[PDB]
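Trainee: opening piece of a complex, kept in its complex position:
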Amino acid sequence: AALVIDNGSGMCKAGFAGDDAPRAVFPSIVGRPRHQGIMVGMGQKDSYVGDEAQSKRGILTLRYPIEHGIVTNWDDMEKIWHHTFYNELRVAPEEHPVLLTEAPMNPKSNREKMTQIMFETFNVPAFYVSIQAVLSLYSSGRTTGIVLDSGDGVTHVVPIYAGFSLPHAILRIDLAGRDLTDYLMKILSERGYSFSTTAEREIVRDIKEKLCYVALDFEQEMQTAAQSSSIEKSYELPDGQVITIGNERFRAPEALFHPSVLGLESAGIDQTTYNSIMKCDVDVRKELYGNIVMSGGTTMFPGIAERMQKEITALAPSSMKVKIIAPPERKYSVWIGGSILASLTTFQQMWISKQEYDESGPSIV
């Protein structure tokens, strides 16, 4: 059996080939103690990965190697994996084939470097790197799909025609679940809240994930909150103190369609779907309009699939089969893309072998 580790800008996702749910779902953080000690409590282990590092904000300095799918730092990424093998998945890398994810439009040098580390500091028998949305497309039951990922870091739209991604339309807004929380932290503080700590960033993250939704129309909904507390939803903080969130609740996800609310003056995910599809050829486009597949955690907000269905019905040809297929499991579909792909008896011949690596080297990827 093989291994699959989705290296997410917020949450990394490890496991084996064949399983349905990701075996090690964890924050992609490496944490290093600011002054390293002799003992327990004091800050003893040279780097901490996942939720331990995160609890231990008192002792550590927290670092995320992967920003917008682009792995920026390889010393933190590697040291994650030393822990993904020996501490998370509780395996020995040299025994199991590995599939790791990479962004839609991810660096060749970053690919070629990941290629290096895996067969080398980890000696894994076999490896393959795979483009995030294309793997969501595999978990969507397709060969053809305009797939739109929004993870914690990156938000990429891809026209998959017959398994081939068409790069000449692969689009993006650098706006995702992390930028989304920061918006809600602002607009609660502007409601009058003091939310400032990273702990209260997790408060503002939780509120985002549970109470934030995408209005079917933005302006209408605003005055709907103005006229009714319908929208207003209570929240029990770790204080026990109940707060109330109101028109914030739909303003926060609406970054994704109206990005410019953060000051991030891009076109919205609606617009970028359309603009990906036009940059394709016309028969591709037909099935892209019918095979708009959503992916990521930030694709989860209430109303988003219906809203995308609304907007793209107007933006696409009136007589077209517009069809969103929003995955229920979409915070993980990229790992479910990996695990199926690794388990594919066909795909067994598509792995990078240890042989081709030692005869040809990292440049074959």
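Mentor: Noted; the coordinates are in hand. Numbers count the residues shown, from 1 in each chain, chains lettered A, B, ... in the order given.
Trainee: only C-alpha atoms for contact and neighbour calcs from this point on.
Mentor: Will do.
Trainee: and the gap between residue A:282 and residue A:276?
Mentor: 12 Å (CA to CA, to the nearest Å).
Trainee: can you tell me how far the residue nearest to residue A:347 when sequence neighbours are not counted sits from residue A:116?
Mentor: Counting by CA to CA, 6 or more residues apart in numbering, the nearest residue to residue A:347 once its immediate chain neighbours are dropped is residue A:341, at 6.5 Å. According to CA to CA, residue A:341 stands 21 Å off from residue A:116.
Trainee: same question for residue A:314.
Mentor: 47 Å.
Trainee: before we move on, what about residue A:286?
Mentor: Per CA to CA, residue A:286 is found 40 Å from residue A:116.
Trainee: ranges for the strands of the stretch 1-150 of chain A?
Mentor: Counting by DSSP state E, counting those that start in this stretch, one finds strands in the stretch 1-150 of chain A at the ranges A:3-6, A:11-16, A:24-27, A:30-33, A:48-49, A:60-63, A:66-67, A:70-71, A:98-102, A:126-131, A:145-150.
Trainee: quick one: strands adjacent to the fifth one?
Mentor: Strands adjacent to strand A:48-49 in the sheet, as given by DSSP bridges, are strand A:30-33 (antiparallel).
Trainee: can I get the strand it pairs with as CSV, trimmed to CA atoms?
Mentor: What follows is strand A:30-33, C-alpha atoms only, in CSV (Å, rounded to 0.1, in the frame of the first residue of the first chain):
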residue,chain,number,x,y,z
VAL,A,30,6.7,23.7,11.9
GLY,A,31,7.4,25.1,15.4
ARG,A,32,10.8,25.7,16.8
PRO,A,33,11.5,26.6,20.5
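Trainee: sequence for chain B below, add it please:
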Amino acid sequence: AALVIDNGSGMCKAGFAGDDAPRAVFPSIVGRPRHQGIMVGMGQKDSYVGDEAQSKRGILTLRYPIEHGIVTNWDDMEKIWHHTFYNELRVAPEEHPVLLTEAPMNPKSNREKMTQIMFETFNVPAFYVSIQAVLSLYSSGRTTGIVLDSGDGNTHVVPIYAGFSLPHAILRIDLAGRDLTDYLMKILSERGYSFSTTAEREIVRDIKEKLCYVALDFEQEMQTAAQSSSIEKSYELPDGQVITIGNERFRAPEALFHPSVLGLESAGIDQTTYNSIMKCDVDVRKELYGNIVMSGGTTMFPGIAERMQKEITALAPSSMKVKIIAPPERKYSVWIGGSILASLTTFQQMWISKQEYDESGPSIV
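Mentor: Now chain B, sitting on the chains shown earlier:
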């Protein structure tokens, strides 16, 4: 039973002998990959043909290997026949007498090329190649008749007498079904459309194929377009936006009679129909006048039979029997004519046999 395959320069038509209507009708395109993959979707078949290729021209390269009824690229042609057997008609060539076409006055090197590729690759027990226009006349029910075979690529006028195409009179105009469309694509962008992809041009093609017609007088019609919305025809695009096509509808048909609109200083089809009768002997001419047969997909324009009937009686004085027969099946008469010709109990002795091929070589024609 035998087979018949009218290799149209845009639409090829195939089937068994003695069927009334064509069993395999498809575009003549073979597509190769840009770079083939190995798996599902990604380029697994070295050569996708006809309708299949069309859907997949994203990942492929297409070429339409047949110009003015004459095959330019015999690689693609061999592959097209290989298609119609195994994929379309779902048969094995070696079981089959085959009849294929060649355009009026098609060259014998080209003929002989085809003549071979049957009996050495496809090893068919019998074969024949037939002159499109004479086959139309057969399917008309005449010995004698001046045929205008006007289709996607070629427009050819042929005076048949007693079952003989008079080769010296076969007159030719080089604008036809595609030259017509691409003119209409400009004249649609002159009104204000932005049809520029191949499938934005499939729109243009199907507009010509649905709303267009040949005016009886070009002036009265131009003026009537500029007044009353009877000439105006609305069209539901594969956009669903209904648009309206007006004075374009006939001014693109008027290219065939005044090729000068393209800048093609060639005599109108009417004039050529007249002139071809004038390029034959005096006595037989009145029969050619009484039996002008239109074949081809392009003479399936509305108004066109009526119009040629107007113009040849006005390009004569008045009294003489001019007569256009443009059959309701004229896109396919060449096929139905091969069907009959192959089914002829008499004409069984006129097949090119697999035996006489191997004894006497492809030049026997």
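Trainee: ok, now which ones touch residue A:219?
Mentor: Under the criterion of CA atoms under 8 Å, 6 or more residues apart in numbering or on different chains, residue A:219 has no contact partners.
Trainee: what helix or strand is it on?
Mentor: Residue A:219 belongs to helix A:218-227 when assigned by DSSP states H and E.
Trainee: grab the nearest non-local neighbour of residue A:69.
Mentor: Nearest non-adjacent residue to residue A:69, counting by CA to CA, 6 or more residues apart in numbering or on different chains: residue A:103, 4.8 Å away.
Trainee: so the one you found sits against residue A:132, correct?
Mentor: Yes: using CA atoms under 8 Å, residue A:103 is in contact with residue A:132, at 5.4 Å.
Trainee: quick one: which of those two has more around it?
Mentor: The neighbour comparison of residue A:103 against residue A:132 (other CA atoms under 10 Å in any protein chain shown) goes to residue A:132, with 32 against 25.
Trainee: burial count for residue A:108?
Mentor: By other CA under 10 Å, neighbour count at residue A:108 equals 11.
Trainee: spit out the contact partners of it.
Mentor: So residue A:108 contacts nothing (CA under 8 Å, 6+ apart).
Trainee: gap between it and residue B:241?
Mentor: 43 Å.
Trainee: now do residue A:92
Mentor: With CA to CA as the criterion, residue A:92 and residue B:241 are 60 Å apart.
Trainee: ok, residue A:173 next?
Mentor: 30 Å.
Trainee: now for chain C, put it on the one above:
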Amino acid sequence: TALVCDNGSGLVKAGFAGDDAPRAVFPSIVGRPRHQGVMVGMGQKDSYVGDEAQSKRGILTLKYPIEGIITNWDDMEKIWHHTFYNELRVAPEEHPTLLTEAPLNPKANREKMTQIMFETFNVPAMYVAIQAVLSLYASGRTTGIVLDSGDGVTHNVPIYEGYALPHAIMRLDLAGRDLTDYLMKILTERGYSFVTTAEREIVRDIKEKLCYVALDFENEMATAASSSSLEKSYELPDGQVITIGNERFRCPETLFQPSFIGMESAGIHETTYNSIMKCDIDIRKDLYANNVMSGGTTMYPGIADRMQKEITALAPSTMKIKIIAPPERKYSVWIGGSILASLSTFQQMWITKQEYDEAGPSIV
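Mentor: That brings us to chain C, laid onto the chains above:
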């Protein structure tokens, strides 16, 4: 003095007669507000215009009024209503204005161009002028086929006796926008970000700065894949020094083999042979010898050496190939206007305010 304005979808350039270099230059773009949005310092403006529309895009969405050819008039009017006012600080009422059109500019839109100029503007005299004729004029040539290429436009125009043969003009829609989106595939496939409209604004520039054609396709395909020469570093306007390489040839080679996107059009060398092959026989002599290029997308280093070879391969070898490349070229249609507006014989050629009154839009 007169006023002169080269309207492109990329850049609109203005100024006066007599000056050698364009007085105004701006992107052709306005923004109309997705919310009521006080840019604290101005009042509630209708439209932020050009390098203003994109400055504040978050409030107000970018459109291009004229994709070489005029579509939308509410944006369009704000562009003529930028250039006089903010850009030149001049009043329309005062100044005989000349405006351009990309070659093959149609009946209906020019009628309304002429209308608006005399009404909401009141200009004392206006003249629209066909971009490629003005290029050849600014060149100092009587005759010769011209090739405009731009962000939205490309054009082959046979000029004789100061006159374009209209019928023989080809526009190529595959222009510099297509090219910048293509570069924007490829760097992204190497792994850079480059795909928001902000990063279009970057990837336009990088191309303009570093992207060349090279004389042979096969040999340059060899160098690209094998040698560390292709790479050039570049700070984009955040700070990330990237490395562009290969694409520098693998983008503008689309003007020569448009198939690179899957658009199948004949390459410029083909279109130019065929545009001259929309003209006669021996009369073709110094069309082949006075072949002028124009616009934005003609800046690419390598194209001329390439094109001369590729046009000569197509053609009966005795034709004297002489293709001219000025260094000012984004402005050649402005400098075809200004000096030709200053030229005295032209006072009679303008469309006056008076003649408009009697003739209506129908004088354009």
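Trainee: let's see the neighbour count of residue A:108 again after adding chain C.
Mentor: 16.
Trainee: near chain B, which residues of the stretch 151-300 of chain A are found?
Mentor: For the stretch 151-300 of chain A, the contact set with chain B under CA under 8 Å from any CA of the partner chain comprises A:161, A:162, A:163, A:164, A:281, A:282, A:283, A:284.
Trainee: residues near the second one, how many?
Mentor: Per other CA under 10 Å, the neighbour tally for residue A:162 reads 20.
Trainee: what's the farthest-apart pair in the residues of the stretch 151-300 of chain A next to chain B?
Mentor: Spanning the widest gap among those are A:163 and A:282, at 16.8 Å by CA to CA.
Trainee: tell me the contacts of residue A:46?
Mentor: Residues in contact with residue A:46, defined by CA under 8 Å, 6+ apart, are A:32, A:33, A:36.
Trainee: now the buried members of the residues you listed.
Mentor: Among these, those classed as buried by 16 or more other CA atoms under 10 Å in any protein chain shown are A:32, A:33.
Trainee: find the nearest non-adjacent residue to the closest residue to chain B within the stretch 51-200 of chain A, please.
Mentor: Nearest to chain B, among the residues of the stretch 51-200 of chain A, is residue A:162, at 4.1 Å (CA to the nearest CA). The shortest distance from residue A:162 to any non-neighbouring residue, by CA to CA, 6+ apart, is to residue B:41 (4.1 Å).
Trainee: hmm, back to that, in this structure the residue of the stretch 51-200 of chain A closest to chain B contacts residue A:138, no?
Mentor: No: using CA under 8 Å, residue A:162 is not in contact with residue A:138; the gap is 11.4 Å.
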